[PDB]
Amino acid sequence: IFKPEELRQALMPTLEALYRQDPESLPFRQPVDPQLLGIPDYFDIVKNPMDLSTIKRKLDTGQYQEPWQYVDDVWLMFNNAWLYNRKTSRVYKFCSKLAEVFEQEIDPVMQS
Ligand SMILES: CCOc1ccc(C(C)=O)cc1NC(=O)c1cc(-c2cscn2)cc(-c2nn[nH]n2)c1
């Protein structure tokens, strides 16, 4: 049993850490809009989109029952981007930077 407001207090600093990465978090701060970005096949490749604003909303409204559901969503966001984008691309390398930041920040929090 984890109180959702206790989850938010424990977990939101790990999310604020990702938002602080500028410009690395900018591709991730809102859901990918495939028409606006001119990438119409995005939803064919990415079946379960995820982004920072969606995770933040789930945190703020108590949608996470347990800390691994949050980690699963953050990892999903990263895996989607690594899947869709080429290894040589700007978004892929920004994703790798965010994942580096996240792994450093989430590791002690999960120990709590
Ligand atoms: C052209 C390919 O773009 C992508 C491809 C793939 C993916 C993923 C997450 O797989 C992400 C993107 N890129 C974006 O989603 C994106 C969006 C906005 C945005 C949206 S609304 C006001 N701005 C700004 C920026 C941005 N990057 N640097 N500065 N701004 C980047």
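The analysis underlying the following values was restricted to heavy atoms, covering all of them including side chains, and did not include hydrogens, waters or symmetry mates. For this chain, numbers begin at 1 and follow the sequence in order.
No donor-acceptor distance shorter than 3.5 angstrom exists from the side chain of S25 to the backbone of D22, with no hydrogens or angles considered. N80 contributes a side-chain N or O that, together with a main-chain N or O of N48, makes up a donor-acceptor pair within less than 3.5 Å. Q9 contributes no side-chain N or O that, together with a main-chain N or O of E5, makes up a donor-acceptor pair within less than 3.5 Å. Although no hydrogens or angles enter the test, the distance criterion places no donor-acceptor pair under 3.5 Å between the side chain of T54 and the main chain of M50. Side-chain atoms of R29 come within 3.5 Å of backbone N or O of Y19 as a donor-acceptor pair.
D44 approaches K47 most closely through the heavy-atom pair O-NZ, 3.4 Å. When every heavy atom of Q30 is checked against every heavy atom of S53, the shortest pair comes out as CA-OG, 4.0 Å. Between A81 and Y92, the shortest heavy-atom contact is O-CD1, 4.4 Å.
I45 and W82 end up in different hydrophobic clusters when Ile, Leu, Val, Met, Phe, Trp and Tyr side chains are linked at under 4.5 Å. Under the 4.5 Å side-chain heavy-atom criterion for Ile, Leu, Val, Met, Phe, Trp and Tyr, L98 and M110 are members of the same hydrophobic cluster. Neither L52 nor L83 shares a network with the other; the hydrophobic side chains, linked directly or stepwise wherever heavy atoms of I, L, V, M, F, W or Y lie under 4.5 Å apart, form separate groups for each.
At a threshold of 4.5 Å between non-hydrogen side-chain atoms, the residues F94 and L26 do not count as touching. No side-chain heavy atom of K97 sits under 4.5 Å from any side-chain heavy atom of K93. Side-chain contact between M12 and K56 is present, with heavy atoms from C-beta onward closer than 4.5 Å. A heavy-atom distance below 4.5 Å is not found between the side chains of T14 and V74. Residues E105 and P13 form no side-chain contact, since every pair of their non-hydrogen atoms from C-beta on lies 4.5 Å or further apart. In this structure the side chain of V32 never reaches within 4.5 angstrom of the side chain of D51, judged on heavy atoms.
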Intermediate values then yes/no, side chain to side chain donor-acceptor pair (under 3.5 Å), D41 and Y84: CA-CA 9 Å; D41 62 334; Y84 177 77; 3.0 Å; yes
Using side-chain contact (heavy atoms from CB on, under 4.5 Å), reason through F28 and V91 one step at a time and then give a plain yes or no. CA-CA 9 Å; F28 301 91; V91 171; 4.1 Å; yes
Stepwise side-chain contact (heavy atoms from CB on, under 4.5 Å) test for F78 and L18: CA-CA 12 Å; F78 297 147; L18 306 185; 4.1 Å; yes
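Looking at residues two or more places apart in sequence or on another chain, you find no salt bridge (charged side-chain N to carboxylate O under 4.0 Å, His left out) involving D72.
Ring geometry for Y70 versus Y64: interplanar angle over 60°, hence perpendicular rather than tilted (30 to 60°).
Note that OG1 of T61 and CZ of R8 are 10.5 Å apart. Values are rounded to the nearest 0.5 Å. In this structure, CH2 in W68 is found 4.5 Å from CH2 in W75, a value given to the nearest 0.5 Å. A distance of 8.0 Å separates CZ in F102 from CE in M77, rounded to the nearest 0.5 Å. With rounding to the nearest 0.5 angstrom, the NZ atom of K87 is 10.5 Å from the OG atom of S96. With values rounded to the nearest 0.5 angstrom, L15 atom CG is found 9.0 Å from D60 atom CG. For the atom pair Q63 CD and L7 CG, the distance stands at 12.5 Å (nearest 0.5 Å).
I55 pairs with exactly one of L11, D73, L76 by the side chain to side chain contact (heavy atoms under 4.5 Å, CB included) rule, that one being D73.
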